[PDB]
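Participant: below is the sequence, then the experimental coordinates.
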Amino acid sequence: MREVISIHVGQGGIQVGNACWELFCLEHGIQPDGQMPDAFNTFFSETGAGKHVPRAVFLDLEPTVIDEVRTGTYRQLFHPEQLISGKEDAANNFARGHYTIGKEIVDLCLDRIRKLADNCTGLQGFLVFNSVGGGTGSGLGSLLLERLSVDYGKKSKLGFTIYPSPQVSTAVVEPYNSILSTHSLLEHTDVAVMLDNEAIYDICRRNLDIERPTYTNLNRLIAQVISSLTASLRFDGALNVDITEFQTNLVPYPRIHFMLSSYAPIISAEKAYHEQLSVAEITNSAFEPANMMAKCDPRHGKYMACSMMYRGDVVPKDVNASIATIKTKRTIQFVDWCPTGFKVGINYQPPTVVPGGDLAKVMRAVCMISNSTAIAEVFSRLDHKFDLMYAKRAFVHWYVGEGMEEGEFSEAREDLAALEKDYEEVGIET
Amino acid sequence: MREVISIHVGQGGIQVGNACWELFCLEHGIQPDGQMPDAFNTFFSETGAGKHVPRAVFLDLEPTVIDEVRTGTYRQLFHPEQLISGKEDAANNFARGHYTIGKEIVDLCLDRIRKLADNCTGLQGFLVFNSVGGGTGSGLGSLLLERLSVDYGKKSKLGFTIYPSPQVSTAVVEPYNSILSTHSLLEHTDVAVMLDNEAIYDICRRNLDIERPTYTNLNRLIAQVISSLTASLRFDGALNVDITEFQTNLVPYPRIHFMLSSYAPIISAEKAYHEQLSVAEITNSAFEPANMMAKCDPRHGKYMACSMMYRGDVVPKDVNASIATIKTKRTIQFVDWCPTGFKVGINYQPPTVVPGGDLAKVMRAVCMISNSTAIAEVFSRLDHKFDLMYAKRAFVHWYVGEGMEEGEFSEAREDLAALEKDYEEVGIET
Amino acid sequence: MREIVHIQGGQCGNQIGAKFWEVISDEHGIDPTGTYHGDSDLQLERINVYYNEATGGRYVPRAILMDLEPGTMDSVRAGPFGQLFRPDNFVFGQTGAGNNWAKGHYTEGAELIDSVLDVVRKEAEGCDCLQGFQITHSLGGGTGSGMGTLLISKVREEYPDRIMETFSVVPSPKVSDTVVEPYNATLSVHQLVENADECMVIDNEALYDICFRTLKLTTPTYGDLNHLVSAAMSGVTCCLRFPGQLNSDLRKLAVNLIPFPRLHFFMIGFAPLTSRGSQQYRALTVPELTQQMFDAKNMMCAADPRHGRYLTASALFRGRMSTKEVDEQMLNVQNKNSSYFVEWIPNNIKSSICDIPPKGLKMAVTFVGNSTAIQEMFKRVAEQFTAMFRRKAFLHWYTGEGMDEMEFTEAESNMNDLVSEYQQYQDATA
Amino acid sequence: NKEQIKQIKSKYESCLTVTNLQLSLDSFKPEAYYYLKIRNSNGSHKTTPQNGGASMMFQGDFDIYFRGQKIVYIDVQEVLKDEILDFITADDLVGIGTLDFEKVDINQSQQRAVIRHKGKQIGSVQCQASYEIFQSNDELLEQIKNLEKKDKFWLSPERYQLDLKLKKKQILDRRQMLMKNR
Ligand SMILES: Nc1nc2c(ncn2[C@@H]2O[C@H](COP(=O)(O)OP(=O)(O)OP(=O)(O)O)[C@@H](O)[C@H]2O)c(=O)[nH]1
Ligand SMILES: Nc1nc2c(ncn2[C@@H]2O[C@H](COP(=O)(O)OP(=O)(O)OP(=O)(O)O)[C@@H](O)[C@H]2O)c(=O)[nH]1
Ligand SMILES: Nc1nc2c(ncn2[C@@H]2O[C@H](COP(=O)(O)OP(=O)(O)O)[C@@H](O)[C@H]2O)c(=O)[nH]1
Ligand SMILES: [Mg+2]
Ligand SMILES: [Mg+2]
């Protein structure tokens, strides 16, 4: 009687949704056709006899990815008319997907959301995935969040956004729409998790020893993180954690809800079994700055609160004996007004392996969600990138001619300045 | 010991009568030859040994459609001399079929009606079908209704008229005869149901996913609605409804008896079984404005009374739990002087499927007959169309030269103005 | 006669009860199917204390299980001895509290508590002579620490003369699993002092220390901590269910261990406890039991009892033994440690003997001592609370559900006043 | 008016009526026209353009409806007007004022928005504010509204021709503004 609905918008969102939906189907024993040859109820729904239907909706204005989905092996799984598709792409223009073509599509998506919500009885909250540096992704994510915040109100929404890397970039105009989308979801999303690609590339290179990774390898790690986060809702555990038990433990103030994640262990089968993978060493590896899932240095800032999930055969006393060691270290310092900052969850189900993938099978794993003061650097560098081109009003004509006003750029800049001032104000000791 | 007689006049009437008479024969197991290889008695009569004869009569002045009927597979079913046919068509002229050629044919039809009525012992009432935007259909329907209202008196008559679409039209002169026929049946018919083609085209396109529909697809849906309406007379049910139990529940005042219908679910076999088709979701779909069987917006007006029929394995408690949800919603508001407005009927027989058709086989269905204040828009737009050409007296010479007086057009306009004023007067709160 | 009912709330309380009832059933020889299969006559004489009688000869506990989420009770039912609980006593909500005290005490816990209070009233009104209630809950969680404490006040308001027990687990700063522990600990301690007749604090840190040092088992789990807590819980009411030299019900302990009505926070310990490999070396004698009973590491709390002076002490010996030895040993443990016993109340140790030992053991002792050393726990809890509150961290979650900072200030002031007036008697001299 | 007010009060939590907008900038261009764009999350209003002077007075009643955040932005726009063709050729953002109405004293009828460009103050807008808790383009729009009042049908052939004329003209005015801004 506990449910959650995941929203996938944009090319990156759909490509990570595919990645998480192989993993969930594999973890619950459901074949790609949707047929089994009481834990499924969190992500799926029973049709009365036979197949299961995911509680997910796919959105995009550009039809190529959806058409690829509707012809692959998973054509029989998803309901045919929840893969909403458009005709014309926003083409990396934020104003397009927020003012011009997204408005005519958003009504169908909201109707689908209502039709899925009326089925659930114990709706925990929503999940949303969107790559920020694109037109349709950021614009439609903003519009959907704004509609949901007023249609439902206090229901919790979680956002797994992928911000651009510090120096590596695929587009040339992504700072503009990244800043605008951050403006939009700052006052509209309860949790936002950092996911830039460069850090995960470094993780793959160093640990998985892959020298030529593709997007699928990144999306599989993200899917594993999602599964670790939501395992506690569908498996028995000695110390459970619910989604609604987050803003009471990781969010000191309503404005501050951007945090960065990490995962451990990450290791290949060729050298995994030569070492014992004790809980102490994995919880040490999870706190290593080089294993952050976002390219930010935690040594440059304080910690505010750490929520970290275990799964497997871990014993609570071993967890406490390792939290003490971390509190001992002099290179990791917490904020003054937080004496204890750890929330611990323990689950029994070990992580599942996907055949043909990178990760091996292990009995212990740890996933941490940590809120730290050091996150302000990404905001500062994105702001610096934005200012350089906004000084000469470059690329603005592509946005003014799509219905957006001239002054809309300035207030996003002011909100980022306010956020940066707030992060500095919080981190000073009393 | 309960009977009903259906009257089919005009090309559209005959083409929808064919559609309903495949369905009834299929539903009662009767082969097209009329031979079975106690519920039939409502629509049929036993001849003593073998075949069954429908309690229906086909009327038309233009012989092509009747000749097509008398050579198809159903040539053996209908009695040879109840397919009354003329020689000369009225040619979309209302005055022709009411004053010139319809009078010489109406006597034979009335003789046939008497010969069919003397056989019935428990006659519930009459059904009549006629496309309004034609000469012979509207004119002969008006004349037959006027003769029946005085020959029989208090017997109930139901009219399934097909009004023209708001903008889509096949003729150019159909507003004139539509207005005149509305004048004629306003004071002569107990129930009138709206059936314009554009709404059903949109229904087929959106749900059935047919991009090139023909008239047969429309007529099959109309036949299904008729079968759902009359199922309660010939099948066992937990909550029965009779035809005579309508003017006491849906007709607040003698003048107001035009209502619009809807049906649910409408879905194809390719994606029907992937979803559970619960009673709550079908009763939600039935109230959707986009699923109205007439192109009118219910959000533009109040509701007066809703009579809605179920069939299948539905349980009354689930029906009540869904009526409560609809009363809860803020987008659907009833009139002030009506605290409860729902009449519910439950039947056990699931809807039957026609082979080679569009609809799939399902265990639950809902058909609603709802009387609402928003219906005045079709009258207003038809009146506006009429006034444009009546200002210059266009096409009037085709009517004055067929025996009709000049002033006959004005009084229909006055009656429509009276009806529109009455609809406004009723909808105001006390 | 003089029986008590069991009420538990939250996940921690449910897990404690899931082992407490197993221990009780094993002690009384009740199979997991509710059928008696015991050996001794005394096993059935006083079974009305905890078990009710139903048709068919089976027994059912008079326990009431409540939580704001259904997962924990849906999991405890599948465990051993899970079928004994009556399905009617299971009450749960569909939302949960998310470790937020305000949600579990003002908004959600207030509406649900009527149903659980109905069954509580049903259970208490029926029983022969009420002795009282015993409550198991955790102070580290939101729904537990809120709903349980509000239920304490509601029960006290209706049964002012009955006795009330609470076994409360307080969050230690060493092993912290939730970041918002100080807030709901401080808020709960405020209400708990005003209504509970007896309170017994238990700490996970002390349980881990005991398991690692005395039992010396490699991998402690929640099952071992629950088993120790269950043995300690059963030891208190043993003489109320079995004959003995000096019977002493709960009210007699209440009279003799609480000098002033606000000083009712005890810390407990169980003896003997020996490792598997050393269970053959040791010989069970009264001196061996009493030397381990007063051992500082044997206390179920991290509070160090030689950092303060005992106001009073109690011991509940089990098994058949001579009373002269017990009295002389109690005198000896009080003459050799005169510095740690307050001097203005002479003979401040209570003893009791029960002739029925635990199953598998020949002698056992339960220790309940009221000491001034408990101040250190409230000191550190208040220290963390005031470190976190001065910045108003995580305050918006609580203030968004009708609570204000004034109730935080009053709670802090009352808790500090309790801390001060509890140590006031430590420095008091005659 | 009662049904429209009831629909508005059902959708929005409050209204702010802004009147008597006085713009003062540190430097005006004497040859430039200025207008104020008053916007929130729910919509935007525009004043009539006025010629640049040491203080400009925009007349009008601006009803601003809220559903959550009580922030109004006042964008100051500079406009090049072609005097021959009475059309706006380009619109340039001069600066942005912010009014935060949670900080607006319910007892002070006069409010002041500081106008900023690139973080620097460049002027202010003063206004009166009241708070309640619950063929020209204009000629073509007025003809369409007068046909909406006369016809019972939402789509007369005459209305469709006027809507096509209006859309063509808005595209031409937008092209003239894009040409003036080059
Ligand atoms: N992690 C990850 N990021 C991706 C992936 N695909 C695209 N991105 C990121 O998405 C950004 C651009 O947005 P896209 O998702 O590609 O395109 P969009 O969101 O659909 O927006 P449009 O361009 O209008 O279609 C790029 O900067 C990429 O970094 C992916 O498969 N994995
Ligand atoms: N729903 C539906 N409407 C039809 C069908 N056939 C004709 N109509 C409608 O009927 C209107 C004209 O009347 P018809 O039924 O075609 O002709 P008639 O009633 O026999 O009158 P005459 O022209 O004198 O023969 C057209 O505007 C059509 O919209 C049909 O098969 N299904
Ligand atoms: N002894 C014991 N303690 C537990 C168990 N499960 C959780 N806890 C403790 O309970 C605390 C969390 O309480 P919580 O589950 O949030 O209580 P709730 O909010 O009422 O559900 C943790 O600090 C654990 O130390 C268990 O099975 N046994
Ligand atoms: Mg794309
Ligand atoms: Mg014809």
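Facilitator: Structure's in. What do you need? Numbering: from 1, shown residues only, chains lettered A, B, ... in the order given. Ligands and ions are numbered 1, 2, ... in the order given.

Participant: surely residue A:116 is in a strand?
Facilitator: No. Assessed by DSSP: H, G, I helix; E, B strand; the rest coil, residue A:116 does not belong to a strand; its assignment is helix.

Participant: would you confirm that it contacts residue A:5?
Facilitator: Yes. The pair residue A:116 / residue A:5 is scored as a contact, 5.8 Å apart, by C-beta atoms under 8 Å. (Each C-beta comes from the backbone N, C-alpha and C, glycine too.)

Participant: residues shared between the contacts of the two?
Facilitator: Overlap between the neighbourhoods of residue A:116 and residue A:5 consists of A:55, A:57, taking contacts as C-beta atoms under 8 Å, 6 or more residues apart in numbering or on different chains.

Participant: more crowded one of the two?
Facilitator: It is residue A:5, of residue A:116 and residue A:5, that has more neighbours when counted by other C-beta atoms under 10 Å in any protein chain shown, with 23 against 20.

Participant: the more buried one contacts residue A:56, correct?
Facilitator: Yes. With contact taken as C-beta under 8 Å, residue A:5 and residue A:56 are classed as touching, separated by 7.2 Å.

Participant: dig out what the residue nearest the centre of chain D forms beta bridges with.
Facilitator: Within chain D, the residue whose C-alpha comes closest to the C-alpha centroid is residue D:46; the distance, by C-alpha atoms, centre = their mean, is 1.4 Å. Counting by DSSP bridges, residue D:46 forms beta bridges with residue D:37.

Participant: test my guess that it contacts residue D:34.
Facilitator: No. Residue D:46 lies out of contact with residue D:34 (C-beta under 8 Å); the separation is 11.3 Å.

Participant: residue of chain C closest to chain B, please.
Facilitator: Using C-beta to the nearest C-beta, residue C:94 is the residue of chain C that sits closest to chain B, at 16.8 Å.

Participant: ok, that residue - contacts?
Facilitator: When contacts are counted by C-beta under 8 Å, 6+ apart, residue C:94 is found next to A:1, A:121-122, C:70.

Participant: quick one, which of these are buried?
Facilitator: Burial of the contacts of residue C:94 was assessed by neighbour count (16 or more other C-beta atoms under 10 Å in any protein chain shown); the buried members are A:122, C:70.

Participant: taking the contacts of residue C:94, tell me the two that lie furthest apart.
Facilitator: Of all pairs drawn from those, the greatest distance, 11.0 Å, lies between A:121 and C:70 (C-beta to C-beta).

Participant: now do the same contact list for residue 27.
Facilitator: All of this is about chain A. Contacts here follow C-beta under 8 Å, 6+ apart; on that basis residue A:27 touches A:227, A:352.

Participant: I was after chain D.
Facilitator: Taking C-beta under 8 Å, 6+ apart, we find residue D:27 in contact with residue D:122.

Participant: and what of residue C:29?
Facilitator: The contact partners of residue C:29, by C-beta under 8 Å, 6+ apart, come to C:36-39, C:43.

Participant: now restrict these to buried residues only.
Facilitator: residue C:43.

Participant: so which of the contacts of residue C:29 comes closest to residue A:291?
Facilitator: Distances from residue A:291 to the contacts of residue C:29, taken as C-beta to C-beta, are shortest for residue C:37 (55.9 Å).

Participant: element containing the spatially most central residue of chain C, please.
Facilitator: The centre of chain C sits closest to residue C:167, judged by C-alpha atoms, centre = their mean, with a distance of 2.3 Å. Assigning secondary structure by DSSP states H and E places residue C:167 in strand C:163-169.

Participant: whichever helix or strand comes after that strand and chain A in contact?
Facilitator: Taking DSSP H and E as the definition, the helix or strand that follows strand C:163-169 towards the C-terminus is helix C:181-195. Yes. Judged by C-beta under 8 Å from any C-beta of the partner chain, helix C:181-195 comes into contact with chain A at C:181-182.

Participant: what's helix C:181-195 packed up against?
Facilitator: Helices and strands in packing contact with helix C:181-195 are listed as helix C:101-102, helix C:149-158, strand C:163-169, helix C:375-389, helix C:405-424; criterion 3 or more C-beta pairs under 8 Å, 6 or more residues apart in numbering or on different chains; DSSP states H and E.
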